[PDB]
Amino acid sequence: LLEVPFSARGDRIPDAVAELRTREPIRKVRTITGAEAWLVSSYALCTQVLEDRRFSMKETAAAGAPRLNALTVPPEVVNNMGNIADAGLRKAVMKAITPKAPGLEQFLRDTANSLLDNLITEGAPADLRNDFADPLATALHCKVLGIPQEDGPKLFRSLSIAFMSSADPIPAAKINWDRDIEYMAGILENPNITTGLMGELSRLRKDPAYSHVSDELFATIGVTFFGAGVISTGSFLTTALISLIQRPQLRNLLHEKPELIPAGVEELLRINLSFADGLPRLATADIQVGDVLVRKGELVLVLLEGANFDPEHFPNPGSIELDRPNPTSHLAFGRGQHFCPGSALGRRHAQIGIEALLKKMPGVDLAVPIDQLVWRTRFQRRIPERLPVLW
Ligand code: HEM
Ligand SMILES: FC(F)(F)c1ccc(-c2ccc(Cn3ccnc3)cc2)cc1
Ligand SMILES: FC(F)(F)c1ccc(-c2ccc(Cn3ccnc3)cc2)cc1
């Protein structure tokens with residue numbers, strides 16, 4: 001039986017996705033746990049699944065369900081956004097993580113420019129993942145959360161394990177989870193934390209209108225938004241920079257006309273292979289999806305690059321076109337109930353990171369042949385361990 005995932009490489013889509021989309025856009029596969037699942041790979045069917053709440057994210061955590069991979073968080077946390085909504089906290093969380101907070105965009109620029117200055121001073125080769133994209137992501141999310149910049153690196157080092165995609169439970173994941181929860185609980189008791197997401201959560205925690213919300217949920221919001229945000233933005237920016245380096249004509253165009261960078265980033269989002277696995281959902285009813293009657297209790301995997309390279313929806317899908325008529329209709333941030341709450345911040349992180357890099361390193365290029373990149377395996381993202389460049 002066809003095993004997923006197909007390839008950990010984030011620099012090229014396997015030829016098999018297109019043939020699967022054409023012939024079997026919903027197809028039975030085996031996951032790394034040994035469970036069976038339905039892999040959905042066309043734009044039409046991917047959108048159907050994500051927009052039908054009966055395909056439940058929450059129920060993927062039920063005991064005895066077929067699993068894509070092992071949980072790395074407590075089962076209740078799989079429903080974290082539903083818990084946030086039920087607590088009446090959605091508006092406050094969204095307001096705290098907008099890229100339009102005063103001084104945040106300028107903080108992003110100053111930080112990106114400082115990171116790039118340090119690389120230039122040290123001399124090529126430079127590692128654009130470990131010494132640019134991930135530190136930029138980490139610094140951004142410390143500022144967004146309102147926590148000390150010096151705490152970022154230790155929090156960041158949990159993520160190589162927290163976002164593993166493993167057949168079995170991971171002992172280190174619980175060690176790091178409990179420790180990072182204790183950190184965020186301490187932050188909520190820290191009177192000097194008055195800004196960002198944790199500053200706001202700290203205030204709502206003492207507000208009688210939120211008296212019933214548990215201290216547990218408040219800390220969980222901090223841990224999960226730091227982790228999801230840092231791993232997602234660092235990983236997306238890293239693999240977007242590869243796609244840009246691989247396209248010197250686009251690199252030069254965006255350097256010459258940086259007003260096109262937002263449109264470029266939107267296409268880089270569309271063609272991005274950062275998510276290593278399909279998005280998992282558990283059917284809570286018998287539901288027809290294409291030629292398959294998905295049965296209650298079965299696992300469905302929504303393959304984002306299946307949708308995003310679907311030639312029916314995105315003609316010439318492998319080509320970056322800055323003037324498509326449906327440019328944000330990609331699924332890089334998902335779709336439906338669980339659409340990424342950090343999408344605006346993720347866009348701005350990448351836009352500013354690319355703007356700064358192209359200004360400082362207009363001649364940026366890989367310093368090793370592309371096949372020498374080492375792609376992380378059994379992880380929820382596809383990323384190179386190091387991204388060596390010259391300029
Ligand atoms: C380019 C950057 C990003 C990408 C590509 C991305 C991608 C995604 C996708 C595809 C989903 C849907 C998962 C699903 O439906 O199963 C998602 C959800 C989520 N994202 Fe992002 N994300 C990014 C940035 C961020 C940031 C900056 C934050 C927070 C600061 C964040 C926090 C979350 C959270 C908490 C969820 C869970 C939503 C839910 O369970 O309803 N992400 N993200
Ligand atoms: F909202 C957040 F906190 F961000 C959040 C959102 C979703 C998850 C999630 C974790 C795993 C799986 C799949 N899976 C594997 C084994 N069992 C279920 C699906 C969803 C976790 C946290
Ligand atoms: F170990 C910590 F650092 F504490 C840690 C552990 C796990 C998470 C986590 C947050 C969300 C999701 C689901 N998810 C992925 C992309 N979008 C949603 C999975 C994992 C965050 C932090």
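Please read every residue number as a count from 1 along the shown chain.
How was it done? The header gives X-ray crystallography, 1.7 Å.
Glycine too: its Cβ is placed from the backbone N, Cα and C atoms.
Among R270, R281, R386, only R281 appears in Swiss-Prot as part of the heme site alongside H338, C340. For ligand 1, the neighbouring binding-site residues among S232, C340, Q380 are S232, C340, by Cβ distance under 6 Å. Screening the recorded positions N80, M81, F163, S232, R281 for a C-beta under 6 A from any atom of ligand 2 leaves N80, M81. Here the candidates are the recorded positions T72, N80, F163, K296, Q380. The one whose C-alpha lies nearest to that of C340 (heme binding site) is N80. Long-range Cβ neighbours of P341 (site 'Important for the position of heme') (same chain, at least 6 residues apart, Cβ-Cβ under 8 Å): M81, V93, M94, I97. Secondary structure at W177 (site 'Participates in a stacking interactions with the tyrosyl of cYY'), taken from DSSP and collapsed to helix, strand or coil, is helix.
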